[PDB]
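Working notes, beginning with the structure itself.
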Ligand SMILES: *[C@@H]1O[C@H](CO)[C@@H](O[C@@H]2O[C@H](CO)[C@@H](O[C@@H]3O[C@H](CO)[C@@H](O)[C@H](O)[C@@H]3O)[C@H](O)[C@H]2NC(C)=O)[C@H](O)[C@H]1NC(C)=O
Ligand SMILES: *[C@@H]1O[C@H](CO)[C@@H](O[C@@H]2O[C@H](CO)[C@@H](O)[C@H](O)[C@H]2NC(C)=O)[C@H](O)[C@H]1NC(C)=O
Ligand SMILES: *[C@@H]1O[C@H](CO)[C@@H](O[C@@H]2O[C@H](CO)[C@@H](O)[C@H](O)[C@H]2NC(C)=O)[C@H](O)[C@H]1NC(C)=O
Ligand SMILES: *[C@@H]1O[C@H](CO)[C@@H](O[C@@H]2O[C@H](CO)[C@@H](O)[C@H](O)[C@H]2NC(C)=O)[C@H](O)[C@H]1NC(C)=O
Ligand SMILES: *[C@@H]1O[C@H](CO)[C@@H](O)[C@H](O)[C@H]1NC(C)=O
Ligand SMILES: *[C@@H]1O[C@H](CO)[C@@H](O)[C@H](O)[C@H]1NC(C)=O
Ligand SMILES: *[C@@H]1O[C@H](CO)[C@@H](O)[C@H](O)[C@H]1NC(C)=O
Ligand SMILES: *[C@@H]1O[C@H](CO)[C@@H](O)[C@H](O)[C@H]1NC(C)=O
Ligand SMILES: *[C@@H]1O[C@H](CO)[C@@H](O)[C@H](O)[C@H]1NC(C)=O
Ligand SMILES: *[C@@H]1O[C@H](CO)[C@@H](O)[C@H](O)[C@H]1NC(C)=O
Ligand SMILES: *[C@@H]1O[C@H](CO)[C@@H](O)[C@H](O)[C@H]1NC(C)=O
Ligand SMILES: *[C@@H]1O[C@H](CO)[C@@H](O)[C@H](O)[C@H]1NC(C)=O
Ligand SMILES: *[C@@H]1O[C@H](CO)[C@@H](O)[C@H](O)[C@H]1NC(C)=O
Ligand SMILES: *[C@@H]1O[C@H](CO)[C@@H](O)[C@H](O)[C@H]1NC(C)=O
Ligand SMILES: *[C@@H]1O[C@H](CO)[C@@H](O)[C@H](O)[C@H]1NC(C)=O
Ligand SMILES: *[C@@H]1O[C@H](CO)[C@@H](O)[C@H](O)[C@H]1NC(C)=O
Ligand SMILES: *[C@@H]1O[C@H](CO)[C@@H](O)[C@H](O)[C@H]1NC(C)=O
Ligand SMILES: *[C@@H]1O[C@H](CO)[C@@H](O)[C@H](O)[C@H]1NC(C)=O
Ligand SMILES: *[C@@H]1O[C@H](CO)[C@@H](O)[C@H](O)[C@H]1NC(C)=O
Ligand SMILES: *[C@@H]1O[C@H](CO)[C@@H](O)[C@H](O)[C@H]1NC(C)=O
Ligand SMILES: *[C@@H]1O[C@H](CO)[C@@H](O)[C@H](O)[C@H]1NC(C)=O
Ligand SMILES: *[C@@H]1O[C@H](CO)[C@@H](O)[C@H](O)[C@H]1NC(C)=O
Ligand SMILES: *[C@@H]1O[C@H](CO)[C@@H](O)[C@H](O)[C@H]1NC(C)=O
Ligand SMILES: *[C@@H]1O[C@H](CO)[C@@H](O)[C@H](O)[C@H]1NC(C)=O
Ligand SMILES: *[C@@H]1O[C@H](CO)[C@@H](O)[C@H](O)[C@H]1NC(C)=O
Ligand SMILES: *[C@@H]1O[C@H](CO)[C@@H](O)[C@H](O)[C@H]1NC(C)=O
Ligand SMILES: *[C@@H]1O[C@H](CO)[C@@H](O)[C@H](O)[C@H]1NC(C)=O
Ligand SMILES: *[C@@H]1O[C@H](CO)[C@@H](O)[C@H](O)[C@H]1NC(C)=O
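Right, dumping it as structure tokens:
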């Protein structure tokens, strides 16, 4: 169910991404609410697009993980944490991570542009 | 060449070549804004539903869900050469939600398999 | 680091490095009309890229060859010696032909890929 | 279906030769087309295949860098342009219909409606 | 057969759906497409009705209210060369009106129609205006008009309008000649109660449309292929005067009449209306038995808005009497009355005052259809009677929207192919 995996561990909650999806899109106040929901959805989709993750729910990237963001191992991160606690732990670095993700895509397309130019 | 819905009465094979003509026509005082928001919401729900299936950015999307003979047992010649999209859509009523669920599950498995394949050093 | 449209007066080969800066800045009745028209312009551009098979990309290479009748210039003068505004003015009223060719090329590519993926 | 080769029949080693097929008894644009080669006394082998729309071409490795196969749905014409012909390419070249179909058609993966065959000799 | 699901976007499939349409002020033919239409389930009619009500109500808000009127007034017989037909129909009435100053009064006289006045027993007065005990009266702004300017209904993006072009389409059932449009043709919101004016003509014969041709409670819409020209007129050179009744609120009234006073008559040519009724009967005989002798009769009594034919003319709101028509056993002049305090949409609480229009009014309208209500009693005989009648004012727009349907586009679909991913 919607947000049912919020209290589950991240390893289990990552398999319900399509359940959390679809609930993002569906007298002046109702129209403002609809426009706001559409605007937030499109901002998130554009943010994925500029990272090279468009059309995917689980997108792997080329940005290495910095141990200063979190020094936990994968077993502790994925089996002993929920997404809410993880989101709280690394919120102070989230925008930095986003910037790095954007930069990686800026390089990646240029490399592809060169590889297809041979 | 045939117009917005000119291929509606043509066969499914012929009509499959006019997808962009119809795709362009899905996007283009309080009630006018309500109509525009409804059009945007329908477009975005369809694009999201394609994205869930891994079909984002394509108008013709091949998938990994096998066709069940209980949905329709017609061969490809009858479906594509002797039938229109309206008659076909009528034929597969009550089955589209099963197909959509199977496509969603198949793409979730595809994403997990791709993530695991990309995790090999 | 230059900011929104900061590269507008730079050359095309330099301004092409700041596409994400422009992309991130594209998103009571009058206020709703302005927000809905901004959303509609964004969605029409994204649908148009999708029709061309360029969804999810900012720099998208295609299979349409360049016609010498559209702009009889070499890459050095186009990319290193002129701006995107001058280019946009130079190829005005040629963009609809290019868009039609891109649409047809993507339709042919989708049919070819479907046929290639139909081989056992 | 009266599929008839109108190509040449004598070339020097290292030269080029064009073959073509004309069809009349079937819808040309509805079928894939191919060329199949029969060297004397060695049986038959497939050489090249083209899709029904003409956008896709496939070759055996021994000719991939030398032969170009093309088709024109107008005038119902198949063409094969062979460059750098070798002594091993002396054979009867037959037109064939099928061997491929689009995703919206039933499977074939077989050859039908064979032509009568052009004889190509490399001196 | 080793078939796999392939998803297509841009699929030419649509489903019946209704939504909000744009009011504006091309056609693509669909070969081998048969669509089912139903003009009595088409929500474009209800939306057009509600939109016209909204525009009507909004147009009367920024206008002069007549609450300084609705006083007792003393009426007498008009002194002029008045014919017999106009005796008692027009009265010369006087009243005390307010001025631009709160503490001033003026004595004003004007000519009112009898239908705008109700008798009242009081002292120094003997009449009052109608719709003063109930509702309120708002004067229509003189700077606007009621001309039926054609409008277009346009579907929103994601929707399409299907148009049926079958020459003999009867408003329901399958249609084989179908085209797709984004906007309808220009539709004139002409307001009439018994005859359909300035509408569309049929390509062939006469088209008889009814939700249930055997149920007497449903109306029959008759659309002709040829128009019948109706010429109407108010042959009286009325001189219109105006007064200020408040700080910037001006009231318009009939001041006087120059020349003799005669009725407002409307002429229907005999040589066209005859044989037009013959064609209507010939097509009615396609649904009723050949042994039945179809007769026409004047409508039954009741409210004036339904017993009379009340087409708007220019700015006056003529209420012609159609007893000269639809009287047979299958030049005609008909006495056309007028009125000024109008309950336009069969509503109480929104009475509108139509100001008199200067000079003579001579309208030339095209009759393109009409509304029949049958005998009502459905007599089990061979003398079936058709009376004209009205409705809820939506049939006037069904006569134009009958050929349009709104559909929602379903661009997403699935189909088996031999295309496996990977
Ligand atoms: C059906 O259509 C006819 C023809 O369009 C309508 O008659 C037209 O009505 C308009 C408005 O009533 C007339 O305009 C008027 O013209 C005079 C010219 O002096 C002007 O002073 C007025 O202010 C107004 O603009 C127009 O002349 C008239 N056309 C003809 C040929 O007579 C008719 O009213 C329509 N039917 C109904 C029921 O409305
Ligand atoms: C309506 O009545 C008014 C007053 O009852 C008439 O106005 C008077 O008309 C006479 C002519 O018959 C003049 O001599 C007076 O001077 C008028 N008085 C005022 C105050 O105007 C008016 O003429 C009548 N109108 C009609 C059409 O009968
Ligand atoms: C309009 O108002 C005038 C006065 O403002 C009315 O005439 C007077 O009526 C009173 C009734 O009590 C008489 O006593 C006066 O003699 C009248 N005035 C004159 C000068 O004779 C008149 O009746 C009002 N008319 C209407 C229709 O309301
Ligand atoms: C408001 O006044 C009107 C008349 O102006 C009243 O109309 C009456 O209607 C009934 C029919 O229902 C008739 O029998 C009466 O004769 C009418 N009255 C007159 C004076 O002719 C109407 O009833 C009044 N409104 C209300 C709510 O009572
Ligand atoms: C909550 O924690 C318990 C601990 O055993 C676990 O069994 C349960 O599955 C958890 N809830 C969810 C929704 O995963
Ligand atoms: C990790 O982060 C620190 C500061 O948070 C930074 O100095 C360091 O360079 C980062 N790691 C890499 C590999 O760049
Ligand atoms: C992860 O770190 C924690 C530190 O609390 C440790 O207890 C745990 O064993 C570690 N896991 C692995 C797989 O090394
Ligand atoms: C984030 O920063 C705020 C103040 O900048 C600090 O109070 C908070 O604890 C920080 N979060 C983490 C997870 O360290
Ligand atoms: C309608 O059907 C006929 C059948 O002969 C076909 O030839 C025609 O192409 C069809 N219409 C369209 C628009 O394809
Ligand atoms: C088709 O649907 C039926 C419904 O029970 C199911 O049993 C069958 O396995 C399905 N076919 C395939 C190939 O999965
Ligand atoms: C498809 O099925 C129909 C009906 O059974 C049959 O007539 C037709 O020949 C079949 N076609 C193929 C290619 O199997
Ligand atoms: C879908 O279900 C309805 C329910 O009665 C049925 O009438 C209809 O025929 C079904 N669809 C098909 C294609 O059989
Ligand atoms: C403006 O032109 C000069 C000329 O060389 C160039 O050096 C400078 O970088 C240009 N400005 C920008 C923003 O690129
Ligand atoms: C585009 O190129 C073709 C040849 O490649 C030429 O015939 C055509 O005229 C060119 N386009 C224009 C607009 O001139
Ligand atoms: C491009 O064309 C211009 C036009 O004269 C010329 O000056 C310039 O040298 C050319 N550059 C190249 C790299 O060919
Ligand atoms: C097309 O664009 C060029 C670019 O300068 C312009 O000169 C030309 O006038 C345009 N064509 C028309 C018909 O305006
Ligand atoms: C005024 O008109 C009415 C209408 O019927 C009539 O009964 C009355 O006798 C007339 N009075 C005069 C004085 O002409
Ligand atoms: C309208 O025409 C259709 C055409 O099939 C017919 O079935 C239907 O009974 C007709 N209805 C009326 C009221 O004439
Ligand atoms: C459909 O209507 C159009 C209107 O122009 C006409 O040309 C066409 O012949 C009609 N077709 C049929 C089959 O009635
Ligand atoms: C109108 O229909 C009648 C029916 O018989 C016919 O006689 C007449 O010629 C038609 N007129 C036109 C203009 O189509
Ligand atoms: C009309 O209504 C009557 C009411 O009983 C019904 O019997 C009849 O079948 C209806 N006819 C149509 C055509 O709907
Ligand atoms: C109506 O007909 C009568 C008959 O004589 C004529 O006097 C009158 O002027 C006509 N009016 C119009 C408006 O045609
Ligand atoms: C109506 O008046 C016009 C003048 O515009 C005249 O030609 C026509 O014959 C008249 N028709 C009738 C029925 O009086
Ligand atoms: C009634 O008369 C018309 C006149 O032509 C005829 O076509 C129709 O068939 C007749 N009906 C019957 C039931 O005989
Ligand atoms: C129309 O005129 C006739 C002529 O006698 C009359 O009987 C009928 O009542 C009139 N209609 C109205 C609504 O007054
Ligand atoms: C109807 O027509 C008859 C035929 O003579 C006539 O006597 C009668 O007066 C007419 N009805 C009206 C209301 O004029
Ligand atoms: C009515 O009379 C006035 C008197 O001034 C005149 O100006 C006007 O033209 C006349 N109108 C008609 C329609 O006779
Ligand atoms: C009325 O009918 C006549 C008949 O030819 C036509 O010329 C005229 O345009 C029509 N007027 C309207 C407003 O429909």
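Protein chains in written order, with this note's numbering: chain R, 1 to 118; chain W, 1001 to 1121; chain V, 2001 to 2120; chain D, 3001 to 3123; chain A, 4001 to 4422. We treat Cβ as the ideally placed atom computed from N, Cα and C, and that holds for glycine.
- With a beta-carbon spacing of about 7 angstroms, residue 1041(W) and residue 26(R) fall inside the 8 angstroms limit used to define contacts.
- For a Cβ distance threshold of 9 angstroms, residue set 3101, 3102, 3103, 3104, 3105, 3106, 3107 of chain D lies close to residue 4418(A), ordered along the chain.
- Annotation: the continuous alpha helix (DSSP H) that includes residue 11(R) extends over 10 to 13.
- Burial check for residue 60(R): the Cβ neighbour count within 10 Å stays below 16, so the residue is exposed.
- Just so you know, the alpha carbons of residue 4029(A) and residue 2054(V) end up roughly 32 angstroms apart.
- If you draw a 10 Å sphere on the C-beta of residue 4382(A), you find fewer than 16 other C-beta atoms in it, and that means exposed.
- Per the coordinates, the alpha-carbon of residue 81(R) lies some 10 angstroms from the alpha-carbon of residue 12(R).
- Counting only Cβ-Cβ distances below 7 angstroms, residue 35(R) has contacts in chain W at 1037, in chain order.
- Residues of chain V with a Cβ closer than 9 angstroms to the Cβ of residue 4421(A) are, in chain order, 2117.
- The C-alpha of residue 2084(V) is placed about 41 angstroms away from the C-alpha of residue 4152(A).
- Contact annotation: in the region 57 to 78 of chain R, no residue has its CB less than 8 angstroms from a CB in chain V.
- Sequence-distant Cβ neighbours of residue 1110(W) in its own chain, meaning closer than 8 angstroms and more than five residues away, are 1054, 1064.
- Within the chosen limit of 6 angstroms, ligand 9 reaches the beta carbon of residue 1010(W) through at least one heavy atom.
- CA-to-CA, the gap between residue 1002(W) and residue 3069(D) works out to about 32 angstroms.
- Taking C-beta atoms as the reference points, residue 3023(D) and residue 3100(D) fail to come closer than 7 angstroms.
- For residue 4127(A), the enclosing beta strand (DSSP E) has its first and last residue at 4127 to 4129.
- Considering only 3006(D), 3076(D), 3084(D), 3025(D), the residue with the shortest C-alpha distance to residue 3065(D) is 3084(D).
- By the criterion of at least three beta-carbon pairs nearer than 8 angstroms, the region 4214 to 4223 of chain A is in contact with the region 4370 to 4380 of chain A.
- For the region 4150 to 4164 of chain A, the set of residues with a beta-carbon nearer than 7 angstroms to any beta-carbon of chain W comprises 4156, 4157, 4158, 4160, in chain order.
- Excluding its 5 nearest sequence neighbours in each direction, residue 4080(A) has C-beta neighbours in its own chain below 8 angstroms: 4257, 4260, 4261, listed in chain order.
- Interface annotation, residue 2109(V): not in contact with chain W, CB-CB separation never under 7 angstroms.
- Taking all protein chains shown into account, residue 1051(W) has 16 or more neighbouring C-beta atoms within 10 Å of its C-beta and is therefore buried.
- Counting of Cβ neighbours within 10 angstroms places residue 1117(W) among the exposed residues, the total staying below 16.
- By a beta-carbon distance limit of 8 angstroms, residue 1019(W) contacts residue 4010(A). Their separation comes to about 3 angstroms.
- Residues of chain W whose Cβ lies closer than 8 angstroms to the Cβ of residue 2044(V) are, in chain order, 1027, 1028.
- Boundaries of the beta strand (DSSP E) harbouring residue 3033(D): 3033 to 3038, taken from the DSSP string.
- With a threshold of 6 angstroms, the Cβ atom of residue 4227(A) counts as near ligand 28, since some heavy atom of the ligand is closer than that.
- According to DSSP, residue 4220(A) shares a beta bridge with 4210(A), 4372(A).
- At a cut-off of 7 angstroms, the C-beta of residue 3078(D) has no neighbouring C-beta in chain V.
- Taking 7 angstroms as the cut-off, the Cβ atoms of residue 3104(D) and residue 4193(A) do not count as close.
- The Cβ-Cβ distance between residue 4094(A) and residue 4254(A) does not fall below 7 angstroms.
- Relative to ligand 11, residue 1078(W) has its C-beta within less than 6 angstroms of a heavy atom.
- Proximity annotation: ligand 19 has residues 4165(A), 4177(A) in chain order, each selected because its CB is closer than 5 angstroms to a heavy atom of the ligand.
- Sequence-distant partners of residue 4386(A) (beyond 5 residues in either direction) whose C-beta falls short of 6 angstroms from its own C-beta, in its chain, are 4296, 4372, 4374.
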